[PDB]
Structure formats: C-alpha cells, structure tokens
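This document starts with one chain, in the form solved without the ligand, laid out as structure tokens.
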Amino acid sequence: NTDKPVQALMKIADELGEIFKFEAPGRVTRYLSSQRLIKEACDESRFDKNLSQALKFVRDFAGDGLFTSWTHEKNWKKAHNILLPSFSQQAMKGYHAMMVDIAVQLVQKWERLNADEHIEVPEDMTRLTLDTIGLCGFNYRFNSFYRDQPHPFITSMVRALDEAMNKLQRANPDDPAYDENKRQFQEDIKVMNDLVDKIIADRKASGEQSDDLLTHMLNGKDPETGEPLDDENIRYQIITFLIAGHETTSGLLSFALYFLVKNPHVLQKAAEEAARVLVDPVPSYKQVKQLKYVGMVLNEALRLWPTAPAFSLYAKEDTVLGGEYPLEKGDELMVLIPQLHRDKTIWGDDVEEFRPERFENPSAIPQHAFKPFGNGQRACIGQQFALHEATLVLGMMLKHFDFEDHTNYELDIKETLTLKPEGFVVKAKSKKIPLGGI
C-alpha cells in the first residue's frame, strides 16, 4: 500500500469526512478527523489508549515504560504518578542549564562550518534532542556532535526502532532473509539494556546523587505499596524517554525552520523577537518564557504537521459516537491529528496557511481542537520538556544566524512512528554574536 499512510488517510478524510472505516478479518478501525467526534473520543470514561501494532513492536525494547504500557498495567499508573512532578513547567527550570549546554554545541557547530557547506536540519536537530534527553535525564553525554558514527547506544536504539517499523510492512516475516534482522534486533536490545542497566546501578551506588529523572525515579514511591519502580522499569522509562522524544521534538524544530524559511516575513518577526529578548550571551529560563512569538511559530508547525501524527483508542464499552455511529466494546478509534488541526469549522478557511497569529489568544481555542500531545492522562508527559527545548533552541537559532533555503527545498514528509521533513537542508549565515561556551 503506502509508505505515507497518515498523509494518505488525510486525503481520504478530505473526501469521506469526519469518520470512515477500514476492515480486516477481526480488526475494524475507524478514522476520526473532526473536533466534534474527537471531542467525544477524548472522554476517558468512554475511551482509553489503545496500543497499535507499532507500539507492540516498540514494546519489545521499551517494555512497560509509560509510552507502550496499557493504562491498566500496574507499572503505568505508578510510573505516571512518580514522574509527573519531574516533567512539570516548574521542573523545567532545573533542566534549562543542561538544555543550554547542548544548544550551544548546536550553534557552535554551525558557527564553525566553512562557507561552502550546508546544514542537515532533521539530522542536527536529532543529535541535539538525543543529547539533551541523555544529559537532562540521567547526566549522560552521548557527545553526538563529536561523532560521525553515533554512540553505540544511539546506533542500536535507532536500528531497533527502524526494525520495529519495518516489521510492520513485512509480508513474509519468517523469510530467511530476515534472520539477520532478528539477530541484530536481539543484539541491539542487549546494547541498550546493558548501557542503561549500568548507568542505573552506578547511580544507586552513588553517594552524591543529583536531581534528574534518574534520581527522581530512584527515590519515587508508589503511594499504596510504599515502594519505587524496580530497576528494570526505570531502565524501560529511560529508553522510553529517548525513543518518545528524540524524533518528535527534532521534527518540530525541523518543520518550524521549514515554515520559517518558506515564510520569510514570519522568520523576520520571530528573529526580531529573539534579538530583543535574548540579550545575554546565554539564554535564561525567564527569557525563554518571554519568547511568545517563537512559541506561536512552534504551535503552528505542530498544527500543520504534528510530529506524532496519530494516537489510537478503544471503546471501553458499547457506545454511540456523534449520536449516530454505534461502537462495540474494544473497537479501535484512530485520531488523525493533522486532519483535526485542519477542521474548518474550528480554524476557519485558511487551514493550510502557516499563520502563527492563530495562537495569539489561546483561550480562543476550544477544548480538543488542538491535540499534538495526545489526550488526558495518556497525554505526552514530555510536552513541557519538548516545548522548552524547542523554544530555547529555535530562539538561539534565530538570534545567531540568517537562514537561506539555498536548494529551494520541496517538502517531502517521511513517515515512521513520527513525521519529518526528509532531506530538508539550509545554509546558515552567522550574525557573528558570541555566546556561552566560547
């Protein structure tokens, strides 16, 4: 069928409307795309998170971390309540310094390019988000900007996710051609577990611990049981944060830069705000909070291409949707976030336009009209982290450089578990403003 299923389902939504069904032996799936029905599907007394096949395949190395767990599983609610404080807006203050630490490495790499060279945007942004979660998460440096070949953990993580995704399109999974994939798959899990299992034990034996996600997990307790997550789940959560945030966040940054160079007067306006607000060699937390238009630029990129483009739900019981579409208990609903974000009775008639101004008055926006981070208790726990990273980095980007779309890039959106502007490249022209760490 297609390598671009969500974009394909969007075209079908364009023709069939707010709901349509696909059926296989046993599996029926309905695809929801209006604010009107999605609003109902977001009632957690009626619908809960479903694990699609993709997540089931990712679960082979993410285990019962938060992202690939059922709501009913013990380790889900326990981890959810233990880690929730670690991800609040308040906690962002304590991650900011190390966020800046990797953001400086990004800006210094670009400062140090020869004039004939160019920038691989999703590539660099993935380097940055991976190293940021590693450092902010468990005080570990992948040092991605010091390498051609990523750190062995990252190579394996990326390879295992790719195999998980590739497994989905495989007609003959047990063909002998896939025997090496399978062995490599087991090799990659061992790499990941062995590195993460070691970092955890070292910290446990550590007598001068920090205040990162790893220490919050090592000290967090389950209210009822009075006990913390065991070290395997903690390892699963660490792998989970890298998996769930590395390409989602990098995609956001990539699409945001895409839409800025294609919309030069919006770039200018964003850049004029970075210059006014980022008045110190290194950004402060308050200052990042003052980047409102950069904040709106990101929200508009999320609106047009939310980088985790779909989430799956199941009917917890027989029920009727929109008062006219009956559901059986267990029926899966698929929420097409990019279609939702183009709901004309919500956003108006210019839904393909890149207009950050839409977010001028967030109170304007109706509940369940904008959902790039999912829904309710199963929403993205890393939303604040992600937005703080992206705002900080985009702001520093717009402060230190002018951007040229030297190839006149044609948008080509690659779909995996996430979305990305495949092959998007640019050229940066220094404004020659020094920073922190030089």
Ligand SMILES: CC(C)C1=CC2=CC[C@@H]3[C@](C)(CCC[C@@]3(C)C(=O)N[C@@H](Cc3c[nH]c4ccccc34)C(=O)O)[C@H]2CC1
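Under this definition, the rigid core comprises the largest set of C-alpha atoms superposing within 1.5 Å between the forms. Start at 1 and count along the sequence shown; that's the residue number.
One more form of this protein, deposited with the ligand bound, exists but is not displayed; see below.
Of the residues given (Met165, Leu304, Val104, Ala275), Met165 alone sits with a heavy atom within 4.5 Å of the ligand in the deposited complex. For the residues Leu218, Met98, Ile119, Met334, the 4.5 Å heavy atom test against the ligand in the deposited complex is passed only by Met334.
At a distance of at most 4.5 angstroms from the ligand in the deposited complex, none of the three residues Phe259, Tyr293 and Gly348 contributes a non-hydrogen atom. Although the partner is absent here, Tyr31 sits close enough that one of its heavy atoms falls within 4.5 Å of the ligand in the deposited complex. Taking the partner from elsewhere, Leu37 is found to have every heavy atom lying beyond 4.5 Å of the ligand in the deposited complex. Interface membership of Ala310, defined by any non-hydrogen atom within 4.5 Å of the ligand in the deposited complex, is confirmed.
Although the partner is absent here, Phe47 lies well away from the ligand in the deposited complex, with no heavy atom inside 4.5 Å. Note: rigid core superposed between the shown form and the other one; among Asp350, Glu120, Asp179, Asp194, the CA shift is 2 Å or more only at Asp179. Once the cores line up, the CA of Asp101 ends up less than 2 angstroms apart between the shown form and the other one.
After superposing the rigid core, the Cα of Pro223 is displaced by 2 Å or more between the shown form and the other one.
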